[PDB]
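Next up: just one chain, as structure tokens, the form deposited without the partner chain.
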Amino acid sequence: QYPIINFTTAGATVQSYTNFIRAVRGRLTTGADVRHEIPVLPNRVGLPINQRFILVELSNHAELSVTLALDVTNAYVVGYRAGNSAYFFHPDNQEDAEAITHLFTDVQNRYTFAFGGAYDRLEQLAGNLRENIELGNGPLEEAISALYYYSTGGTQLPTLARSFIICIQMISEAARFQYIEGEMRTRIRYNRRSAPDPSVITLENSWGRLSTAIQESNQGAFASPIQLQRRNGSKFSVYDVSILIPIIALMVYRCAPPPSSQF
């Protein structure tokens, strides 16, 4: 079976969420590939199917559980199981449709959504942008129950889409960015629920481009800057990998690392 990492919202603390995110990152990346102190996820090209996914079993104080499946190549959620039903985002291509047949293989009811899991899509479905969907331990407890009751009719599609938005940010994006993990740790420490500020949204939006820019940089120097936002919405220009080392924890593979070429 693919590796499983467990997390519960019931009695969550900063340390139990930290342990969880660190365990997720350790199953996503192997150590082989670290560019500028920043690990790279495995290359999808040639990756054996037995190494392609990991599972995140989420429980809540209401004693419900769902299992999310994450693709190791991008850390993103591809689907989930609740009891005897599994649901998958619409695949991007045939190889990804075949790959997801290897997940939750004994579940009795398997479904593929006709929509994908990208935020533009999920925000249309939810009827709200990320900037208007609160994150924190209470949102996540609620999102776990909403995913669990979907197959029985208790969850309307906008709630299910909002619930995916919450899970993806609090698991996938936190795994990708220590900064976003830190914002979720602060919400647990102060028992706050609050929508993501523009620093969180622009890091999420820029993860792919930051990955490419780091990996195609000249000795760390970007060829072209990337504009992010600070918490108050003002502009932050990124010219080099160095400023991202405390921020980004993993990258999607975009090219092979150039030869070491030390002086």
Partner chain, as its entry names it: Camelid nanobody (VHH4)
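Residue numbers count along the first chain shown, from 1.
Relative to its counterpart among 204-212 and 224-232, 224-232 has the higher mean temperature factor, C-alpha atoms as listed in the PDB entry.
Higher mean CA temperature factor between 180-188 and 95-103: 95-103, per the PDB entry. Among 114, 168, 72, 140, the highest C-alpha B-factor recorded in the PDB entry belongs to 114.
The residue among 135, 157, 78, 175 whose C-alpha atom has the highest B-factor in the PDB entry is 157. Ranked by Cα temperature factor within the chain, residue 52 sits in the lowest third according to the deposited record.
Sort the modelled residues of the chain by CA B factor and residue 38 lands in the highest third. Residue 60: CA B factor lies in the middle third for its chain, per the PDB record.
In the PDB entry, residue 29 places in the highest third of its chain by CA B-factor. In this PDB entry, residue 194 carries a Cα temperature factor that places it within the middle third of its chain's modelled residues.
Just so it is clear, the following notes concern the form solved in complex with the partner chain, a form of the same protein that is not shown.
Using a 4.5 Å cut-off on any heavy atom, none of the residues of 191-222 reaches the partner chain in the entry with it bound.
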